[PDB]
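In: sequence and experimental coordinates follow.
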Amino acid sequence: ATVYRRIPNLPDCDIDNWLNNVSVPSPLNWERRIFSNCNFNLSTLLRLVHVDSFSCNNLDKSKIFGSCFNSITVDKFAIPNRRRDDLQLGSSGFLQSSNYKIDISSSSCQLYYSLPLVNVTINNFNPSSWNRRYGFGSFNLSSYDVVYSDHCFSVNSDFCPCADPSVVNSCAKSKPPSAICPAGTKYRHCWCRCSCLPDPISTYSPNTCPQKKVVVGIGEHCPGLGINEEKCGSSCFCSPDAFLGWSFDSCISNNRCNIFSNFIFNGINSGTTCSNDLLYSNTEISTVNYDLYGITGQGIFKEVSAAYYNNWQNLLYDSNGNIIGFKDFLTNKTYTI
Amino acid sequence: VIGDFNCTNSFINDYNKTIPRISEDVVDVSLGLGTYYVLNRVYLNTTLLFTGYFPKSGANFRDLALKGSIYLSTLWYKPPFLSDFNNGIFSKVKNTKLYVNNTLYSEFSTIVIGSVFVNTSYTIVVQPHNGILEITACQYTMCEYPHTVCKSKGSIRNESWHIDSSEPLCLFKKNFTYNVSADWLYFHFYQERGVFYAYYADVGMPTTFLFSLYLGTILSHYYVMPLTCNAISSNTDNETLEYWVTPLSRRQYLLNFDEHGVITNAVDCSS
Ligand SMILES: *[C@@H]1O[C@H](CO)[C@@H](O[C@@H]2O[C@H](CO)[C@@H](O[C@@H]3O[C@H](CO)[C@@H](O)[C@H](O)[C@@H]3O)[C@H](O)[C@H]2NC(C)=O)[C@H](O)[C@H]1NC(C)=O
Ligand SMILES: *[C@@H]1O[C@H](CO)[C@@H](O[C@@H]2O[C@H](CO)[C@@H](O)[C@H](O)[C@H]2NC(C)=O)[C@H](O)[C@H]1NC(C)=O
Ligand SMILES: *[C@@H]1O[C@H](CO)[C@@H](O[C@@H]2O[C@H](CO)[C@@H](O)[C@H](O)[C@H]2NC(C)=O)[C@H](O)[C@H]1NC(C)=O
Ligand SMILES: *[C@@H]1O[C@H](CO)[C@@H](O[C@@H]2O[C@H](CO)[C@@H](O)[C@H](O)[C@H]2NC(C)=O)[C@H](O)[C@H]1NC(C)=O
Ligand SMILES: *[C@@H]1O[C@H](CO)[C@@H](O[C@@H]2O[C@H](CO)[C@@H](O)[C@H](O)[C@H]2NC(C)=O)[C@H](O)[C@H]1NC(C)=O
Ligand SMILES: *[C@@H]1O[C@H](CO)[C@@H](O[C@@H]2O[C@H](CO)[C@@H](O)[C@H](O)[C@H]2NC(C)=O)[C@H](O)[C@H]1NC(C)=O
Ligand SMILES: CO[C@]1(C(=O)O)C[C@H](O)[C@@H](NC(C)=O)[C@H]([C@H](O)[C@H](O)COC(C)=O)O1
Ligand SMILES: *[C@@H]1O[C@H](CO)[C@@H](O)[C@H](O)[C@H]1NC(C)=O
Ligand SMILES: *[C@@H]1O[C@H](CO)[C@@H](O)[C@H](O)[C@H]1NC(C)=O
Ligand SMILES: *[C@@H]1O[C@H](CO)[C@@H](O)[C@H](O)[C@H]1NC(C)=O
Ligand SMILES: *[C@@H]1O[C@H](CO)[C@@H](O)[C@H](O)[C@H]1NC(C)=O
């Protein structure tokens, strides 16, 4: 009975196109994008994206339809199908210890969707500065294998795990193999035995090792893996074998990959990022109370042929001031009264 | 002095002599140059008596174009350069056509309209990129001394028209395309009942509809942002920036729509 037509003022952000990118992130290097000042549709997102599981928390399912928001953050990463039971609301296992942390306070939704593995790739970049500083390369993994971690540590801006050769030669016994430490950083705290024995991952007492067991938080990334101090040795070029504390897992399920996505909405019932699901529901004009481009009225519609419309003129008005026709901006179908 | 934010103070000086010229070209609206089409209406073989916002028939333009090479004076930002946006403005812009390596580039100034130019309020920015026009109505933080920087022949300064780490609360963002090899572009801007309406045209024809946005506030000041270029002068070429503007007022016009809808003859009720 009601035909609502109105051109949007803000463009579309294509959340589905960003979720279906050829470069799929990893549990460690989970990506995001601040979607704002756009319109999002739930039906198209659930249709195009192959939805497998969907839930929410601190908000109703029907509440998302129609409500406006200020910003949307989509924290996505490929599912490690091995550890799927770790993605629980309030978990502290292997997943939520060195990876993305689930939001509990604000309204947050969770989605688990499949994606074809054809011509797709998995990105496993390490978003750490002190890791890339001390000679970090890659992991040399195979296709369709995502990298995650459980233990996460941190160091200081002037901490050299690869000690200076002077400190190594000063301690005749219990000397750690290490090359020339670069400048601008203090050497490793160390016959003088050093700290963090036998490895920074597992220690007898955390007070004797300057690398403290750090955890993740809301939007916080792991500062880096547990790089072994006495396993490098070039100006402290660390071998890729000295980077421990990580793990790799496949994502093959019915010959397809799986990706989890956490949606965080900021600005409940505010902002301009509104959902056009409640208004744009029928979108089918039958040959009727209409609200077209702000003009409200009542009348019957018919299908005729017309070619006298420009690229900015949709409504047809007469010299008296009444509307007698219009053009649908979605199907180019001219409907006259 | 348009906004309130410290942006830069390296090249800041004063001046004593800048007159904004007054073109001898009177406003001729008999051929349809000076009017605008309706928002989204189509007419065929009719005479529409439209009571809208139009410039004064047979008036003069005030050139608010400002160019610069090394320095810019604070007097350029003070009145009367910041004219009182009472009802609206009709602007004629000279499409600066530069030739670099036998290819063409289109350049002209940008427009910023705001009440107090504070991020707690809404301001509209119209920026011409190469072949594109970007319109953004956002809560931009306007710089103290904004200026547009050349991107086709280089500029010593850097472009500074807003400072925002994240995207502010925008109400309208859109892009349009225009012909790059044009001579004079025309623009119409006005406000009514808290709604801002804009129109544009590439050639000497009535301006086409751009957008209409509801704000609820009252716009106070419009500004044509100056341009900083290195090779636009008297030593490298002989063409400059000519931005003419005329104030709008509420008046009644008569437009003639032909069989197709093209405006042929428009008349004003002021003899
Ligand atoms: C919205 O606009 C307001 C008004 O400009 C912004 O407040 C201004 O923010 C700047 C940058 O933080 C302040 O500059 C600083 O001033 C202090 C002295 O108070 C100085 O020591 C610093 O070196 C720096 O120059 C400025 O003072 C401040 N204005 C006022 C009146 O306090 C605000 O940041 C803008 N917000 C957004 C989100 O854009
Ligand atoms: C925007 O969201 C609405 C809300 O779901 C969509 O409307 C549904 O469309 C599907 C088919 O596209 C129908 O099967 C449903 O019955 C519609 N919902 C209702 C309540 O009628 C709409 O299609 C979406 N827009 C686009 C372009 O996909
Ligand atoms: C409705 O008609 C317009 C006008 O032809 C179509 O817009 C054109 O779309 C094609 C392909 O997407 C482009 O190559 C043209 O440049 C577009 N022209 C203009 C003027 O925008 C539009 O695609 C049509 N829509 C439907 C659903 O048929
Ligand atoms: C309107 O056009 C401008 C100019 O091309 C677009 O700005 C570009 O945006 C892309 C992607 O964000 C950047 O890679 C370019 O560097 C930008 N160019 C400039 C000159 O800033 C803008 O995105 C367009 N907006 C819309 C809604 O189409
Ligand atoms: C942009 O403007 C130029 C300048 O008028 C247009 O070039 C004209 O094109 C017509 C059509 O063939 C010719 O008859 C004129 O002789 C051309 N004039 C000049 C000075 O070259 C150009 O066509 C316009 N762009 C578009 C897309 O229409
Ligand atoms: C802009 O036009 C002026 C006027 O013709 C040019 O000035 C002349 O330049 C030629 C060549 O350098 C001299 O021989 C004349 O004596 C100049 N006349 C005057 C009155 O100064 C000027 O060169 C042109 N601009 C450019 C960049 O060529
Ligand atoms: C020829 O000089 C121009 C130019 O380079 O194109 C032209 C003109 O002299 C002037 N620009 C304006 C709008 O007045 C401008 C200023 O006179 C100078 O650039 C110096 O201006 C200041 C404020 O120092 O210089
Ligand atoms: C990659 O696979 C997807 C899923 O089948 C498909 O949509 C896309 O077109 C493919 N890309 C190429 C370049 O074949
Ligand atoms: C990666 O591992 C494969 C396994 O045999 C090996 O052939 C290849 O040389 C390795 N590449 C690097 C850069 O380590
Ligand atoms: C603006 O900031 C610059 C440094 O970026 C400073 O030199 C200048 O004094 C400031 N202007 C003020 C505070 O008016
Ligand atoms: C413009 O930005 C560049 C990039 O850092 C900088 O090197 C240059 O000094 C800036 N120019 C001015 C005039 O501030």
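Out: Okay, I see it. Numbers count the residues shown, from 1 in each chain, chains lettered A, B, ... in the order given. Ligands and ions are numbered 1, 2, ... in the order given.
In: could you list every helix and strand in contact with the helix or strand where residue A:47 lies?
Out: Per DSSP states H and E, residue A:47 falls inside helix A:42-48. On a contact count with 3 or more Cβ pairs under 8 Å, 6 or more residues apart in numbering or on different chains; DSSP states H and E, helix A:42-48 meets helix A:15-19. For the C-beta atoms, the positions are set from N, CA and C on the backbone; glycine is no exception.
In: list the buried residues for the helix it packs on?
Out: By neighbour count on 16 or more other Cβ atoms under 10 Å in any protein chain shown, the buried set for helix A:15-19 is A:15, A:16, A:19.
In: repeat for stretch A:202-221
Out: In stretch A:202-221, counting by 16+ other Cβ under 10 Å, buried: A:203, A:209, A:210, A:211, A:214, A:216, A:221.
In: about what we covered before: so after the helix holding residue A:47, what's the next helix or strand?
Out: Using DSSP H and E, the next helix or strand after helix A:42-48 towards the C-terminus is strand A:50-57.
In: partners of that following strand, with directions?
Out: Strand A:50-57 has the following strand partners under DSSP bridges: strand A:108-116 (antiparallel).
In: can you show me the strands along the stretch 151-300 of chain A?
Out: Assigned by DSSP state E, counting those that start in this stretch, the strands in the stretch 151-300 of chain A fall at A:153-154, A:212-213, A:226-227, A:243-244, A:246-250, A:256-266, A:273-274, A:289-292, A:295-298.
In: hmm, who's touching the fifth one?
Out: Under the contact criterion Cβ atoms under 8 Å, 6 or more residues apart in numbering or on different chains, strand A:246-250 has outside partners A:28, A:80-83, A:94, A:139, A:141, A:144-150, A:225.
In: got it, and the second one?
Out: The contact list for strand A:212-213, computed with Cβ under 8 Å, 6+ apart, reads A:151, A:152, A:153, A:154, A:206.
In: break chain A into its domains for me.
Out: Listed by automatic domain parsing, the domain ranges of chain A are A:9-126+A:254-274, A:151-244, A:289-336.
In: of the buried residues of stretch A:202-221, which are in range of ligand 5?
Out: Among the buried residues of stretch A:202-221, no residue lies close to ligand 5 (Cβ under 6 Å from any ligand atom).
In: any chance of those residues in a markdown table, plus distance to ligand 3?
Out: What follows is those, written out as a markdown table (distance: Cβ to the nearest ligand atom, whole Å):
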| residue | distance to ligand 3 |
| --- | --- |
| A:203 | 62 |
| A:209 | 61 |
| A:210 | 60 |
| A:211 | 56 |
| A:214 | 51 |
| A:216 | 44 |
| A:221 | 40 |
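In: go through stretch A:308-322 and flag the buried ones.
Out: Neighbour-count burial for stretch A:308-322 flags A:309, A:313, A:314, A:315, A:316, A:317 (criterion: 16+ other Cβ under 10 Å).
In: most packed of the strands of the stretch 151-300 of chain A?
Out: strand A:226-227 (a mean of 24; mean count of other Cβ atoms under 10 Å in any protein chain shown).
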